[PDB]
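Report on the following structure.
With ideal geometry, Cβ positions are generated from the backbone for all residues, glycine too; neighbour counts draw on all protein chains shown. Each answer follows from the model by the rule given with it, or from the source it names; nothing here is a laboratory result.
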Amino acid sequence: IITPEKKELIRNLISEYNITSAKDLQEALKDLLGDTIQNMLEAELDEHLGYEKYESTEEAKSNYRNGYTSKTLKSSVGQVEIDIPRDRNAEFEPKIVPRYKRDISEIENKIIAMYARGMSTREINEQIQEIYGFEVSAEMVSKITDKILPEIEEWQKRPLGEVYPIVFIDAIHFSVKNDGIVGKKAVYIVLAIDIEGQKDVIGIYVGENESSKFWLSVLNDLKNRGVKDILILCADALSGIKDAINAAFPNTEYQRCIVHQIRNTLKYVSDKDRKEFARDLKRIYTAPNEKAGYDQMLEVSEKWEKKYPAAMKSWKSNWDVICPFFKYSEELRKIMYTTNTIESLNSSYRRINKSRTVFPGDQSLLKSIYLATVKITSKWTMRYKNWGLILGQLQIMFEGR
Amino acid sequence: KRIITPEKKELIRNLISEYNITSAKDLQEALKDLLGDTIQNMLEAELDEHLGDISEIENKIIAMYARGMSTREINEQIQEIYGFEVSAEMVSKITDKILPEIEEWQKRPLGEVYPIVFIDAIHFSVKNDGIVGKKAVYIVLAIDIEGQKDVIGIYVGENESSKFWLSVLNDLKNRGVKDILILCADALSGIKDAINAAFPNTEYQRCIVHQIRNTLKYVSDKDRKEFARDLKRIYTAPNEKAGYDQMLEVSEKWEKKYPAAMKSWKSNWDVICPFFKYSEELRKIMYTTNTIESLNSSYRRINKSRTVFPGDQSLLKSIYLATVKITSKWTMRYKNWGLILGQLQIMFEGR
DNA sequence: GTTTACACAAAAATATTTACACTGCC
DNA sequence: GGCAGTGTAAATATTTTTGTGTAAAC
């Protein structure tokens, strides 16, 4: 839609600002933005004082005009300089450009959207300086990204649904500086499916733990946010977690997430060229009943006890926790042994934090974690397939709930 | 003072009225919408003005090319800032503007003598006339008589013949060089023959640091720290025979759980022998790698765009842009060069 | 008369360096 | 081995706005 008023404006701009080339056009862009802002500030001053420049009024006024003061603005097309009007008693606050504000490009969110991508503060600084003209340092990037800390708290207090059929807990470890020592801390992401079949990160908790009381606090946080019943909760082997699970969620059948079993048994110690033969490990969870699964587990153990460090022993010891997986239907089995639904998150967090070698504090780590989390969950619109068929049977398994 | 004409004031008023500007974002989006196609068509006409100085928008696009961004990334950024689309043809026509600058940079007059010179290779895939081939770009970095390091040359390498190295050396000598004091390049096919053919008067020995890099080509994560920790003993040795003893020791001690890399050490030991003839400071300036691995790794930090290059000139442009962006702030020279000067003048008096 | 502009400090707000306490990488 | 990075808190450095006295415009 090309309005003839716009064409008249274009011809008038080309004429009055002496545009003879494209470079003339960019310099005219700068000059025109500056002049427009100066005109609108002159209008706002006329509004505040109540009269135009040198206009006589019969009623004497306690405020006279007091010249101008300079300020360099930083806009999208480049750096401009303007002269701001000035009242005598210094009473009026500008409306277009507030006091002391020199960033105009509304670049705030963009900088954040870069930090959420995984961009270094120095990378962001170099990019902004190169492709915008004005300079924004790294500490200012940190100060800009500090602004979503209230948003982070509002997400930490987000009201949750009443019942979540399936919940997974995953840990991702990073190097963070606590009390002046850089140690490995694990962040726990709580991903849950609701009654309709939608995957959504329900919670994020920084570890900073050396106890089981932390797990009870996490479960009480989830229970306070609005949750009443969990049907299936799957977490990794962690300190005092089963007791906390049965303290606030007793009816929840806690089973050990099989993808965590395949990772902790295989990936931690495994020849890279023999690594792929997890296909024989598929035989354990494609079994019809728990007894056939245990028999296939023993067979796979005997065939792979030739080079296993300590995996099949963990299978044997934790078979008590892996047992309830078989009572669920075939589609719930599918929802369980799909490693992509957890591994996707883990790989995305790692690929976004690839450049962040060491974090200076807990809140800095939380910032990136929440940003990557929203950047990932924004794209999740496909709900789990074959649902309703899965729902119809799981609601039979758990009748009242 | 911005003395604004009354017609300009009425024009600003008309702009505010047409776009209903009340905030700064209103003004910026107004200018973006109003003048998008204007800027686009002006630039297209000025680029097509070459048979069918540079501006800020074109400098910004040059920087976008410098950071190795996709054509779609540049398109998105320009559409957001100025408000018009930029085609890949437009990007190519804009970036061809620095080609005369590159011509000037490849014909620069060089100094008479350069104490230390390094040549490094970086390999890429480029498509010429529809054939995708592996081309290695060789960067020639040299330190001058005062102690300042600066990239002397950039050369595309075809099949890595000795004729190519001889041609590179003849280019360097025509640009003004007469004698090199120390030349250290990567172990390459038939480079020493060209070196002693075009600069015979001083026996240059190569691979002061490219050899530790070549042993680290198969750098295995588990065996990195201890292997470079014990390999520091090989090049910090006081004497040549002590160096050979440490070489055999490290070879026998780390041939376990690792292929037979050390053979390259033995066969090329004839070339590594004279390295110890240099003193502690002259060795330090060499084996630190602080400037060569820095250059190639900084190039790689911008190498996010792993695309095949559409021509030699595109690769050459990107390499020149990265090189000049590094050398602009890195032209600062290093200390303690007086002892190194006294040592180079003791070893090679005439220079 | 009346207003407005212009300086040049002092004051107030903002943005940029070390500074760290380490990590990964040939 | 060294060395180039990281995010940001503390410590500065920079820029903007403000008191008012005075020169100039209306």
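In table form, for the structure just shown:
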{"quantity": "Single residue of B:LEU141, B:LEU169 found to be hydrophobic (A, V, I, L, M, F, W, C) and over 20 Å from B:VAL209 (Cβ atoms)", "calculated": "B:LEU169"}
{"quantity": "Residues located in region A:100-148, provided they are of a type in the set (D, E, K, R) and either more than 9 Å from DNA strand C (Cβ to nearest atom) or closer than 25 Å to A:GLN363 by Cα (or both)", "calculated": "A:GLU106, A:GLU108, A:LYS110, A:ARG117, A:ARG122, A:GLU123, A:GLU126, A:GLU130, A:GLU139, A:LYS143, A:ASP146, A:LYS147"}
{"quantity": "Enumeration of residues in region A:18-76 that are out of contact with any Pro (no Cβ under 7 Å at 6 or more places or on another chain), among the aliphatic types (A, V, I, L, M) and within 16 Å of DNA strand D (Cβ to nearest atom)", "calculated": "A:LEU33, A:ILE37, A:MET40, A:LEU49, A:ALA60, A:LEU73"}
{"quantity": "Yes/no for B:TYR320 being more than 16 Å from DNA strand D (Cβ to nearest atom) and either more than 23 Å from B:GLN106 (Cα to Cα) or within 14 Å of chain A (Cβ to nearest Cβ) (or both)", "calculated": "no"}
{"quantity": "Unique residue being on the phi < 0 side of the Ramachandran plot and loosely packed, with under 15 Cβ neighbours inside 10 Å when the list is A:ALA287, A:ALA310", "calculated": "A:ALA310"}
{"quantity": "Filter result for A:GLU91 (assigned by TED's automatic domain parsing to the domain that holds A:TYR64 and more than 22 Å from B:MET69 (Cα to Cα))", "calculated": "yes"}
{"quantity": "In region A:77-118, the residues that are of a type outside the set (A, V, I, L, M), within 19 Å of B:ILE78 (Cα to Cα) and within 11 Å of DNA strand D (Cβ to nearest atom)", "calculated": "A:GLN79"}
{"quantity": "Test: residue in region B:49-72 that is under 13 Å from A:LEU13 (Cβ atoms) and not acidic (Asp, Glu)", "calculated": "no"}
{"quantity": "Helices (runs of 4 or more DSSP H) contained in region B:209-302 and holding at least 1 residues assigned by TED's automatic domain parsing to the domain that holds B:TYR320, more than 16 Å from DNA strand C (Cβ to nearest atom) and basic (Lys, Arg)", "calculated": "B:240-254, B:263-267, B:280-287"}
{"quantity": "Complete set of residues in region B:62-105 that are aromatic (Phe, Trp, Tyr), under 25 Å from the mean Cα position of the chain (by Cα) and within 14 Å of chain A (Cβ to nearest Cβ)", "calculated": "B:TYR65"}
{"quantity": "Given (1) more than 12 Å from DNA strand D (Cβ to nearest atom); (2) surrounded by fewer than 18 Cβ atoms within 10 Å (Cβ to Cβ), number of the condition A:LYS143 does not satisfy", "calculated": "(1)"}
{"quantity": "From the options A:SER15, A:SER21, residue that is loosely packed, with under 15 Cβ neighbours inside 10 Å, farther than 14 Å from B:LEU27 by Cα and within 8 Å of chain B (Cβ to nearest Cβ)", "calculated": "A:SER21"}
{"quantity": "Condition broken by B:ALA45, with the remaining ones in (1) surrounded by fewer than 12 Cβ atoms within 10 Å (Cβ to Cβ); (2) at the interface with another protein chain (Cβ under 9 Å from one of its Cβ atoms); (3) not in a helix (DSSP H, G or I) satisfied", "calculated": "(3)"}
